[PDB]
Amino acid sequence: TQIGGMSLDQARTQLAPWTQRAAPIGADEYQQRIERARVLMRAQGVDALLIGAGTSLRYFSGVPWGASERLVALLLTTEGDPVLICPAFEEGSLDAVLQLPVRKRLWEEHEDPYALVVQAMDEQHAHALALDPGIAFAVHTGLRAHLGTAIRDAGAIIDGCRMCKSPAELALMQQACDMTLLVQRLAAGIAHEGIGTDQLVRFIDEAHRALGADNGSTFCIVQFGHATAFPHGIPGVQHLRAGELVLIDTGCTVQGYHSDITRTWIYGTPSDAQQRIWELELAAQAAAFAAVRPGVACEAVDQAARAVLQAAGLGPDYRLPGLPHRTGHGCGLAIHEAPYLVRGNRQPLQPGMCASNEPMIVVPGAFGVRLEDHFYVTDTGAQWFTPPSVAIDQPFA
């Protein structure tokens, strides 16, 4: 009963704005983030940290703008309000989004914003910069015109803050996930013979927007039939036929925090091969989840999924039929962030880490099945953000 048979206007009747709205991040929590960054800076022997516009700037300062060709950055040192380097003409706009007190250092269009970063270093006798790994390489070129000391990669400091989510972060993420899960549910409901992949993408966007996501669908992949064999798809619109699997991978943000959920379900009657692979995928996902608790190396969670596949005669390693990519990724303010659930990653799981659990099986020439739900690590184990699917024709628990 979850697949097909829902009219567009029936689905529409389940799309009122979401009424269980998590609290934004508070001022105190931004100070705690700065404080934690300072601990990790000192641990690494760094005395200044430069964070570019994008997910990390939003994390530390609230500023949500996307990166551009104009340097917008926070420069954190071991004391005092961090410096916010920003185009002069954007000052009014910056003041309206900041969640953290800052010392603003503004540059007019022809002025060199990298000189301002280094001047603010020199003012506090800081000579050991770490730079945001997400920032454009052009920024290392700019800083090099003025800085002669070693520039360290800030990834350890940034991850060491962001990997473990606070309760407020978890609730924002949960909201986003509950919204997208509903959207997934309605998309499965309106599916019918002949529906276009593009029509389902457009519905999903409309539906996330109606529920009050920040900005509709963050992304959306919809594939039918043989196209499901490509983990990230191929160009081209498809039209649905009985007997095909349907893989829908989509998500939204709520105050920048992501959902990221995949469902793969049959439309019509499945073959034995489809059933067999779908069950195996549910089982691989379930084994990865059972492996999660504090102290467990991230690679062990990936190993747990591959062990199920290999005991069914798939794999080993990335061999196809099997799992050609890692089991999962971290999620937060970015879709993909630390920690990664991947072979070779010894990083121990800690309470509050969030990650995907999406051990997709690909059968070359045929189809793929990806079941994707995220979890967070609790004090004694893990918790699903969204409950896994139940069957090939029952995508929703």
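Position 1 is the first residue in the sequence shown; the rest follow in order.
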- Note on the structure: Averaging the C-alpha temperature factors as deposited, the higher value of 384-392 versus 10-18 falls on 10-18
- Query: Averaged over C-alpha atoms, is the B-factor higher for 257-265 or for 230-238 in this PDB entry?
  - Reply: 230-238
- Query: With respect to the C-alpha temperature factors reported in the PDB entry, which of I157, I135, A88, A312 ranks highest?
  - Reply: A312
- Note on the structure: Listed options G142, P101, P321, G251: highest C-alpha B factor recorded at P101
- Item | Entry-reported Cα temperature factor of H192, expressed as the chain third it lands in | highest
- Would you mind ranking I361 by its C-alpha B-factor against the rest of the chain and naming the third, lowest, middle or highest? lowest
- Task: Would you mind checking where the Cα B-factor of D112 ranks among the modelled residues of its chain, as the lowest, middle or highest third?
- Result: lowest
- By its CA B factor, does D47 count among the lowest, middle or highest third of the modelled residues in the chain? middle
- Query: Thinking about Cα B factors across the chain, which third does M353 belong to?
  - Reply: middle
